[PDB]
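Listed below are the residues making up each chain.
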Amino acid sequence: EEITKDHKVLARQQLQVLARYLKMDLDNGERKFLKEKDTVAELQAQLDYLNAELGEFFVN
Amino acid sequence: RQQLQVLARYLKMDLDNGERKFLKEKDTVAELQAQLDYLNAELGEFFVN
Amino acid sequence: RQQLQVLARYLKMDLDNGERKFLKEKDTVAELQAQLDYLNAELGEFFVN
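As documented in the archive entry, the model was determined using cryo-EM at 2.29 Å resolution.

Chain B has the name Fatty acid synthase subunit alpha in the PDB entry, where Saccharomyces cerevisiae is given as its organism. What the PDB entry is called, per its title line, is "Atomic model of wild type S. cerevisiae Fatty Acid Synthase (FAS)".

Per the PDB entry, chain A is named Fatty acid synthase subunit alpha, and its organism is Saccharomyces cerevisiae.

*Asks:* It is not clear to me how the overall build of chain A should be interpreted in this structure. Could you clarify?
*Replies:* The helix and strand tally for chain A stands at three helices and zero strands. Written out in order from the N terminus, the α and β elements of chain A read α-α-α. The C-alpha radius of gyration computed for chain A amounts to 22 Å, which surpasses the reference 10 Å derived for 60 residues by more than 25%, pointing to a less compact arrangement than a globule.

*Asks:* Would you mind going over the interface of chain C and chain A with me for this structure?
*Replies:* As a measure of interface size, the accessible area lost when the parts come together is often cited. At the junction of the two partners, chain C supplies five residues and chain A supplies six residues. Among the residues chain C hides against chain A, the three largest losses belong to C:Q3, C:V6 and C:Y10. Together they make up 65% of the total. At the surface where chain C touches chain A, the tally comes to zero salt bridges. At the surface where chain C touches chain A, the tally comes to zero residue pairs in polar contact. Of the residues contributing to the side of chain C that touches chain A, the split by class is two nonpolar, two polar and one charged.

*Asks:* What exactly am I supposed to notice about the pattern of salt bridges here?
*Replies:* The tally for this structure, following the rule as stated, stands at five salt bridges over all chains. The residue B:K21 makes a salt bridge to A:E30 at a minimum N-O spacing of 2.5 Å. Here B:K21 is found in helix α2 (residues 17-43), whereas its partner A:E30 is found in helix α2 (residues 28-54) on a different chain. Given the relative accessible area of 29%, A:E30 is considered partly exposed. Note that C:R20 is salt-bridged to C:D14, the shortest N-O span being 2.7 Å. C:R20 gets classed as partly exposed once you look at its relative accessible area, which sits at 44%.

*Asks:* Sorry, what's going on with the arrangement of the chains here?
*Replies:* Taken together, the two pairs of chains in contact show their highest number of contacts between chains A and B. Spatially, chain B and chain C are disjoint, and the shortest separation between their C-alpha atoms is 13 Å.

*Asks:* What am I meant to see in unusual backbone geometry here?
*Replies:* Excluding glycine, residues mostly have negative phi values, and the peptide bonds linking residues are mostly trans. Even without being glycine, B:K12 reaches a positive phi, approximately 55 degrees. Summarising the element assignment, B:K12 is placed in the loop between α1 (2-11) and α2.

*Asks:* Hey, could you run me through α2(B) in this one?
*Replies:* Given 3.6 residues per turn, any residue in an α-helix points the same way as the ones three and four places further on. Between its terminal C-alpha atoms α2(B) stretches 39 Å, which fits the 39 Å expected from 27 residues at 1.5 Å a residue. For α2(B), the set of buried residues is B:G18, B:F22, B:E25, B:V29, B:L32, B:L36 and B:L39. Those residues of α2(B) hidden inside the fold are in contact with α2 and α3 (56-59) of chain A together with α3 (45-48) of chain B. Among the residues trailing α2(B), B:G44 stands out with phi positive, at a value near 90 degrees.

So, how was this worked out
- Residues numbered from 1 in each chain as written, not as in the entry; some residues may be left out.
- Chains lettered and ligands numbered in written order.
- Part of a larger assembly, values for the part shown.
- Heavy atoms only, no water.
- Residues with missing side-chain atoms left out of burial classes, pairs and counts.
- Helix = DSSP H or I, 4+ residues; strand = E, 2+ residues; numbered from the N terminus.
- Rg over C-alpha atoms; globule rule 2.2 N^0.38 Å.
- Contact = heavy atoms within 4.5 Å.
- Buried area = accessible area lost by both parts, 1.4 Å probe.
- Salt bridge = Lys/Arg side-chain N within 4 Å of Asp/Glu carboxyl O.
- Polar contact = N/O pair within 3.5 Å; in protein donor to acceptor, adjacent residues only side chain to side chain.
- Nonpolar A, V, L, I, M, F, W, Y, C, P; charged D, E, K, R; others polar.
- Buried < 20%, exposed > 50% of the residue type's maximum accessible area, 1.4 Å probe, protein only.
- Expected span 1.5 Å × (residues − 1).

Here you go:
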C-alpha cells in the first residue's frame, strides 16, 4: 500500500507543478462556494426571523 | 494542460466540483432572496425593519 | 527545473551532497596548507627543501 501512496504523492506534486505553471487556482471554486454558503445562512436567518415574527399562517 | 488533465484523471480528482457546488449555492441564494423580496413587497420596509 | 526537483525528491537523491563534501574538503585543504606555511616560515625554504 505504501508504493501506491508514494506514486500518488509524486503524481500530485507533478500536477501541482503543472497547475502553478498554468497559473490556475485549484481552490477558486471551493472559496466561492464557501462564500455563497455563508450568504445563504445570512438570508435564511433573515427569513427565519420574519417567520418567527409573523408566524407561518400569516407568511403563507 | 493535457498533462495536468491526465494527472488529475489518474488521481481521481474532480477539478470542477467546487464550481458545481458554487453554482448550486448561488441558485439557493436567489431563491431565498426572492422569498425575502416578496415579503418586503408585501409588508413594506417600515414594518419589516 | 521544478519537475526535476519533484523527481529528485521522489528518488530520495540529494543533489547538493557533492558540493557539500567539496566545500568540507576545501576547508581541510586550507587547514593543511596553513600548517605547511607556518612550518616553512619557521624553517625556511632552504632547510625544508
